[PDB]
Amino acid sequence: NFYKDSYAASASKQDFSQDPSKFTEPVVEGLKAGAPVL
Amino acid sequence: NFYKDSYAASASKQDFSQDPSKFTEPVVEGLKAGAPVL
Amino acid sequence: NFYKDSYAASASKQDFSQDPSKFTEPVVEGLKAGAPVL
Amino acid sequence: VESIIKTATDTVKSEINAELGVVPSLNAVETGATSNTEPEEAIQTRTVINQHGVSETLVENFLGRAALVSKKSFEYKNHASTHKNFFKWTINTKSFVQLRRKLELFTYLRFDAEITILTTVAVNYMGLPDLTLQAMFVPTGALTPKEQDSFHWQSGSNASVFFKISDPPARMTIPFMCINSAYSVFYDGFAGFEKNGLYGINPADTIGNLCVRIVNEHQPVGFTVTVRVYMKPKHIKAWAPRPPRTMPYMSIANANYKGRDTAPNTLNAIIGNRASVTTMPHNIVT
Amino acid sequence: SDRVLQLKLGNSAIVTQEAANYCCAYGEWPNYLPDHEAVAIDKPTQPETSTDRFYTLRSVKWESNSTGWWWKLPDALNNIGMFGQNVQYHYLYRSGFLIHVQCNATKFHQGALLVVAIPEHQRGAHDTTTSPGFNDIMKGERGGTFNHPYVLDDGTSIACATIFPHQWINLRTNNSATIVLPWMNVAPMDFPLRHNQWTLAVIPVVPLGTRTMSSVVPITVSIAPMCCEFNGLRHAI
Amino acid sequence: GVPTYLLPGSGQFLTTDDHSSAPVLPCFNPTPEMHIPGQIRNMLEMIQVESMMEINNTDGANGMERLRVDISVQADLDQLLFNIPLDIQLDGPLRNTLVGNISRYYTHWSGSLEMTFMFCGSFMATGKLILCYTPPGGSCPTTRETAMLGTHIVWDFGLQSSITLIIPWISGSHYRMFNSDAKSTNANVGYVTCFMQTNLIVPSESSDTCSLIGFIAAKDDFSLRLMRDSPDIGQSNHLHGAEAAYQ
Amino acid sequence: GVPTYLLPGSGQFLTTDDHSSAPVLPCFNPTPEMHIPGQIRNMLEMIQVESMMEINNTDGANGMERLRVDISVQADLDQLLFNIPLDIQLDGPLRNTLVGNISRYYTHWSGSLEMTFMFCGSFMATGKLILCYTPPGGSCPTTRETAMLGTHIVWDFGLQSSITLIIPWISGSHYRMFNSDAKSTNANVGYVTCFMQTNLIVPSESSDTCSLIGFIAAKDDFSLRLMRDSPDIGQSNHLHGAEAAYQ
Amino acid sequence: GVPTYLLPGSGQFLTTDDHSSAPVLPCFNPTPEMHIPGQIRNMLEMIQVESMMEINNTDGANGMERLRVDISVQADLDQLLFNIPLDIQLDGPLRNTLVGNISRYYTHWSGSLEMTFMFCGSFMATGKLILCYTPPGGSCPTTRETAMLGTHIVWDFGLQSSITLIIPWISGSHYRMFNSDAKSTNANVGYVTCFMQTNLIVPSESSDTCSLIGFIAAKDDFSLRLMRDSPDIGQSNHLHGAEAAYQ
Ligand SMILES: CC(=O)N[C@@H]1[C@@H](O)[C@H](O[C@@H]2O[C@H](CO[C@]3(C(=O)O)C[C@H](O)[C@@H](NC(C)=O)[C@H]([C@H](O)[C@H](O)CO)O3)[C@H](O)[C@H](O)[C@H]2O)[C@@H](CO)O[C@H]1O
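Per the deposition metadata, X-ray crystallography was the technique used to determine this entry, at a resolution of 2.1500 Å.

Structure representation (structure tokens):
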């Protein structure tokens, strides 16, 4: 980026962080594999 | 700046120095917080 | 390559590896020079 | 819970299961959590080292595309006796459905916007003039020009970009300029302190006005000039994904819906009908 | 173990013996506004127990032909108790919410309610280009009803509404749903009378049915604001 | 100066290009970031959430009635209850789902899918169902004896209300693709069928017709490629108010 | 040579661009710098100086009469004396001030404002006033009992001639903005009202009508964003002598 | 900015240029590589495989009859059986071979060639042949006494069914070239002739006319230069279905 303002830079396609559980498992008490959910 | 004359350079947007008091408090004797001005 | 995707790069004309025998001599038992083939 | 994912997850080989008290295939949808049954627990799997990448679905790439947001045609001529050689456009991302639907897959979005302006001309034949245009960015509800030649175009502080039709499309980046930490793609509220304001329109989410004029004085003949504006968001952060739009859009000012006349995407039926729940469409007839 | 639960805030408490764990929206939990995110500089008032407690709204009746109900927050509570008073006397407010939806029946009854907390649920009007009016949106404590739950009254779909924080009340399984909501907005605080951060929607995807004695089956909503903060004190609006 | 030459492609405007560009407002200070709940960084996170399949997409079924499949107490044995076409890239029960909608913004896909069904009858209602996934090759099975030969799960109604049928990624090629031909060897996923394993059995005071709600989602071994415009939205005219933005 | 390609934006003239350019006079030696009093480096320094508000912007008030508010000895109690609209981005008592003028070259603003009033009656005149700042939400208060509930300062006339009412930055959003709609939730700042706390009291030989001069300024927690052309100046024709510059 | 200037060649599209170019699909993840049998990295690998020469390219010889040369029991001595023109860059017995086809995509060539002949008569058939390579300069030899003076191999039929005649690279210049003139000093390779050394001799129950199949290939001292379009394929009209690709 040769511009003085950082927002002028090219895209940032390097954020590979993920946390699906905030959407897939937003339950307060974690569910263990194989164990009855209820 | 690839030009030989320095005045040809791009802008200089890095001078963050300030001294508002030369406009806001140009009084010879400094005014203390809370104390009666007069 | 100034592009972010490697597939955008210029050609790769540096692979000088060869193995003609996979086409010229795909026989299980190698043939020795001078010796009767059968 | 958070981690770095660069490829789809691998599969581990699994054996036969016959354990009392262990029922991985049973779940409870009522909890609100999605099933956590793994393939390895549902069937016997083999080991697979999965090398499939996941970068094309990164939000930056998903939304990182220059999409058409504005298209305006006007007559360039002597308007002695309508857009008189210039126009004003209140910027919005709700007029073209492809970009709109994608942005609306999210509740909040923070991004800088790369703007590209494409211009084409047609004679109303003796050749096409290489005109110079001026696109001036005028803030929200701010003072816009009323004539092709008003003093307002002097653009003392407003940013203006001058470009020729023969040059590549003009381009510049408008920073994330919301007064908040992110733009509200949806806004369940009223933009004013009184009760008669507009619903669902948060002024804070309107980038501004784009005033475009042909700088050249009119020619002896008339031309049709079309200006297309494209926007590409970058340096994107997105929050709270949402249900995709199904009903056709009706207005740029709201989410009003009506649905198609017949399925698919009719208010009464989103998916097209099949004869019955035991009728297999596209069944293989060998 | 994950079927029984007691919620206690302020002078209020609620228990359920037929729960289904409980949801923490986006895996978050309510909290007070930190100094590094604050904007309004006046010292805020944090009422605690007088506002962070359960407020039970009037019940609604689940009928065989019901389309669903909704309550917008904070609108639904803007005129209830001390939370309502603080809201009326302050220009700015901030809070999370603990939602508990209740509905019991019989082991001979069937039905399934989707209980979802929708952020920024901007309603759309049906078959017209005119945007919804103030009275179509601000229902207060009474809440409103869905005209076309199939598309969430916004041209999208209830089918994909599970992308939002939610639980279900499936009569044969549980009799209550619990969802904890953190402050959800693009600003650290907001004017409570013109913007609703969340919309609680309760929709019967599977209608109420039985062949046993017919009885009125109510659905009740109890909501407890959490970590309330108010700024910009003045007179009551 | 520096000697240079322009390459083919010079001056073009590629909508997917990636370059820096002139800042319109120099020295502009963007609003500070604030933590906001629910940040999503990869669309794959969204398709892992299960959503409702419109299995009852039939004439006579209106609105939400299309989102549930009713099963009744049977008089005959081994009864077929319903089937579900599997191309998440074509119109059908799977199209208007989170995984279906997002996948349709792409052309290639790979990974396991999961179908979860929640029984919504009364507590006194019991039953066993068999859900089968039949890999492609032939005609959809119409009898339990045939469907049973494929991938399946026998579901027993009880306290845990839902069952999950995993549709494992079983493909010759790394990815499957959409090409508008549902019978193409690189598109057809196979079939899902549901039969009574035993029967739905309920007492006199319980409804004798109960509903199931089917959900679907991608597992984390999923991958999508080749972005394209979605076929699920389009316009013929200007939207209302669009032109007023110029007045 | 070096292979290159032109990007979109090539050849354009952006008035806010920032690049070096060819020196017209090579080897030119600019006049040496000399220290000069009053250097200003950030416009925020200028808006921190308080200037006079035109509170008496009413028909019949001419010139400087508009810059002072006259208060008289009252016959009734708790009397409302005057109010002041607060949008420093719209026409009103605050527009032609240092903070108002400079702020109007921008679109977004944030920070605390300060209003200082100087009592200019005679030494023998006494009194107490209450200045109130009411955050937005409702109609402007018209009674002291209501205004008193907001942010305020009770002012006692005496040797120290001036009082300061701080209008703290109280906003939901980081910044407020101008959009020509004074009632917008992102624009309205609220109100400032002034009532008699007691009464203006003076002896027979002192004037029984006295003036206050109100000043306003930004504090150093102020910030302005998004430069735009000011609405406070404009032209329809060439200025006199402009064309003569070509003769 | 950087001062630059465009060179001649700027803006041109050279079909053999080598530069990087804008990726159409950013962040696209290509299918993982998999090992596949038979990878070829240099076309020289392909021309080293021997293929059948169409020696019997005569009127009356149809299809595969053109790929074999029949020899019969002779009544006279030292009989000439057949000859083979040698320009692998012109139409003749060597053109439709692996080495011939690939070489014709080039203009210059260098290296030794090898011709292998397989006798396909019956086991009871015997014989001796002499295969001769005559470097260029004169007319093709028509008698064994003359051909015998060049490079040659005397072949005795037996258990090992095939013989190889090496056509060593014998040229004044490093490379030979095609220029459509078969008699050019930089093109003509010379000749290959085959005579009976003794005679084909067979018993009463064996066929008295037997076939030979001749193969040719390049050795690894081969080199090809100057790519050009092959003269072996061409079109006058659109192929069937080509225009339908636009419908
Ligand atoms: C093109 C092809 O290969 N086959 C055509 C059949 O598919 C078609 O029958 C109809 O197909 C419809 C397909 O569903 C969509 C789709 O394209 O996937 C669903 C989209 O959401 C929808 N988009 C919008 C904005 O409404 C889209 C759109 O309605 C159509 O493209 C417009 O025609 O359709 C669906 O399954 C219908 O229920 C089905 O009847 C037949 C019709 O004669 O023509 C085939 O060529």
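Moving on to the overall build of chain F. A tally of regular secondary structure across chain F gives three helices and 14 strands. In terms of overall dimensions, chain F is more spread out than a globule: its C-alpha atoms have a radius of gyration of 24 Å, far above the 18 Å expected for 247 residues. Each principal axis of the C-alpha atoms in chain F carries an extent, and together these give about 90 × 45 × 40 Å. When burial is assessed residue by residue, chain F has 63% of its 247 residues classed as buried.

The subject of this paragraph is a nonpolar patch on the surface. On the surface, a cluster of nonpolar side chains totalling about 510 Å² of accessible area is made up of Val27(B), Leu31(B), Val37(B), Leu38(B) and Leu159(G). Turning to its location among the elements, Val27(B) is positioned in the segment after α1 (21-24). Assessed through its relative accessible area of 44%, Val27(B) is described here as partly exposed.

All names here are of chain F. Mapping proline 135 onto the fold places it in the loop between β8 (128-134) and α3 (144-147). Once the C-alpha coordinates of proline 135 and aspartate 220 are considered, the two residues, 85 residues apart in sequence, prove to be 21 Å apart. Excluding residues within four positions of it along the chain, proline 135 makes contact with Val189 and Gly190.

With that out of the way, let us pick up the site of the ligand. Lining the immediate surroundings of the ligand are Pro264(D), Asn265(D), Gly272(D), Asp91(F), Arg95(F), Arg104(F), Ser180(F), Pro231(F), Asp232(F), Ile233(F) and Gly234(F). Around the ligand the close residues trace back to chains D and F. Separating an oxygen atom of the ligand from a side-chain N or O atom of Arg104(F) is a distance of 2.8 Å. Here a nitrogen atom of the ligand and a backbone polar atom of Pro231(F) are 2.9 Å apart. Calculation on the ligand without its partners gives an accessible area of 890 Å², and the protein chains cover 40% of this total.

A separate point is the pattern of salt bridges. Scanning the model with the defined rule gives 35 salt bridges over all chains in all. Among the salt bridges present, the one from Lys219(F) reaches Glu38(D), with a minimum N-O distance of 3.8 Å. Linking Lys219(F) in the loop between β13 (209-218) and β14 (223-225) with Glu38(D) in the loop between β2 (26-27) and α1 (39-42), this pair reaches from one chain into another. Of the residues examined, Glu38(D) reaches a relative accessible area of 29% and is grouped as partly exposed. One salt bridge in this structure joins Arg104(F) and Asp232(F), with 2.7 Å as the shortest N-O distance. Of this pair, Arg104(F) sits in the loop between α2 (98-103) and β6 (108-110) while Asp232(F) is found in the segment after β14, placing the two residues 128 residues apart along the sequence. Take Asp232(F): its relative accessible area is 5%, and that puts it in the buried class. In this structure, a network of salt bridges that share partners links the residues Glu114(D), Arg171(D), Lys232(D) and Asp17(F).

Time to look at the sheet that holds strand β11 (residues 176-177) of chain G. Residues and elements named next belong to chain G. Taking strand neighbours across the sheet as the criterion, the three strands line up as β11-β6-β14 in an open arrangement whose pairing is antiparallel. The sheet is open, and its two edges are formed by β11 and β14 (223-225), each paired on a single side. Pairing of strand β6 (residues 108-110) with β14 involves three bridges; the strand directions are antiparallel. Looking across to β14, one finds that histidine 108 is bridged to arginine 225.

Bringing empty space enclosed by the protein into the picture now. One number sums up the size of the largest cavity: a volume of about 220 Å³. Taken together, 22 residues form the lining of the largest cavity, with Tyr187(D), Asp190(E), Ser173(G), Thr185(G) and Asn186(G) sitting closest to its centre. When the residues that make up the lining of the largest cavity are grouped by side-chain class, the tally is nine nonpolar, ten polar and three charged.

Take the sheet that holds strand β12 (residues 191-196) of chain F next. Residues and elements named next belong to chain F. Ordered by their spatial adjacency, four strands build an open sheet running β5-β12-β8-β9, and the pairing between neighbours is antiparallel. The outermost strands of the open sheet, each flanked by one partner alone, are β5 (80-85) and β9 (151-156). Adjacent strand axes in the sheet meet at a mean angle of 15°, parallel and antiparallel pairs treated alike.

Before going further, it helps to spend a moment on the side chain of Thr173(E). Looking at the element boundaries, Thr173(E) is found in the loop between β10 (166-170) and β11 (176-181). Ignoring anything within four residues of it in the chain, the contact list for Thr173(E) reads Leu38(A), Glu30(D), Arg3(E), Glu18(E), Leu159(F) and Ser161(F).

Quick look at the environment of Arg66(G) now. Residue and element names in this part refer to chain G. For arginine 66, the position within the fold is in the loop between β3 (51-52) and β4 (69-72). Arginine 66 sits 50 residues away from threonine 16 along the chain, and the two C-alpha atoms are 39 Å apart. If sequence neighbours within four positions are ignored, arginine 66 has contacts with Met53, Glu54, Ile55, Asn56, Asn57, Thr58 and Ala61. Polar side-chain contacts of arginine 66 include one of 3.0 Å to the backbone oxygen of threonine 58.

We now examine unusual backbone geometry. Here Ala263(D) and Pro264(D) are connected by a cis peptide whose omega angle stands at 0°. Within the secondary structure, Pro264(D) sits in the segment after β11 (223-241). For the peptide bond that leads from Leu73(E) to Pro74(E), omega is 0°, which places it in the cis range. By the secondary structure assignment, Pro74(E) is in the loop between β6 (69-73) and α1 (81-89). The phi torsion at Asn265(D) lies on the positive side, around 60°, for a residue other than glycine. In this fold, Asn265(D) is placed in the segment after β11. Although it is not a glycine, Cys27(H) adopts a positive phi angle of roughly 65°. Within the secondary structure, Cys27(H) is located in the loop between β1 (4-6) and α1 (43-46).

Moving on to the interface of chain F and chain D. How big an interface is tends to be stated in terms of the accessible area lost upon association of its parts. The partner chain D presents 104 residues to the 105 residues of chain F that form the contact. Between chain F and chain D, a total of about 9000 Å² is buried, with carbon and sulfur atoms accounting for 57% of that surface. The largest per-residue losses of area from chain F upon contact with chain D belong to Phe13(F), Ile233(F) and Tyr246(F), which jointly make up 9% of the total buried on that side. Where chain F touches chain D, the interface holds three salt bridges. The closest approach of N and O atoms between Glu2(D) and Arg41(F), which form a salt bridge, is 3.1 Å. Counting only elements with at least two residues in the side of chain F that touches chain D, the list comes to β2 (39-40), α1 (43-46), β5, α2, β7 (113-119), β9, β10 (162-167) and β14 of chain F. Element by element, the count of residues in the side of chain F that touches chain D is highest for β5(F), at six residues. Of the residues in the side of chain F that touches chain D, the class split is 48 nonpolar, 39 polar and 18 charged. Sheet analysis places β2(D) next to β10(F), joined by two bridges and oriented antiparallel. By the bridge assignment for β10(F), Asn27(D) is matched with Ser162(F).

Between chain D and chain E, the residue contacts involve 43 residues of the former and 52 residues of the latter. Carbon and sulfur atoms supply 59% of the area that chain D and chain E bury against each other, a total of about 4100 Å² over both sides. Interface area lost by chain D to chain E is led by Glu30(D), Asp188(D) and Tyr257(D), which between them contribute 20%. Run the count over chain D and chain E and you get one salt bridge. The partner of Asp188(D) in a salt bridge is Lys72(E), and the shortest N-O contact between them spans 2.8 Å. Taken together, the links from chain D to chain E amount to 31 residue pairs in polar contact. When contributions to the side of chain D that touches chain E are tallied by element, the ones reaching two or more residues are β5 (106-123), β9 (183-184) and β11 of chain D.

Cut-offs used in this document
- Residues numbered from 1 in each chain as written, not as in the entry; some residues may be left out.
- Chains lettered and ligands numbered in written order.
- Part of a larger assembly, values for the part shown.
- Heavy atoms only, no water.
- Helix = DSSP H or I, 4+ residues; strand = E, 2+ residues; numbered from the N terminus.
- Rg over C-alpha atoms; globule rule 2.2 N^0.38 Å.
- Buried < 20%, exposed > 50% of the residue type's maximum accessible area, 1.4 Å probe, protein only.
- Patch = residues over 30% accessible without salt bridge, like charges linked within 9 Å, V, L, I, M, F, W, Y side chains within 5 Å.
- Areas by Shrake-Rupley, 256 points an atom, 1.4 Å probe, with all protein chains shown as cover.
- Salt bridge = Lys/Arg side-chain N within 4 Å of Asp/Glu carboxyl O.
- Contact = heavy atoms within 4.5 Å.
- Near = heavy atom within 4 Å.
- Polar contact = N/O pair within 3.5 Å; in protein donor to acceptor, adjacent residues only side chain to side chain.
- Pairing = 2+ DSSP bridges.
- 1 Å grid on protein atoms, 1.4 Å probe; cavity = no way out; pocket = protein on both sides within 12 Å on 5 of 7 lines; lining within 4 Å.
- Points joined across faces, edges and corners; volume = space filled by probe spheres on them.
- Nonpolar A, V, L, I, M, F, W, Y, C, P; charged D, E, K, R; others polar.
- Axes fitted to C-alpha atoms, helices over the stretch in contact; angles between N-to-C directions.
- Buried area = accessible area lost by both parts, 1.4 Å probe.

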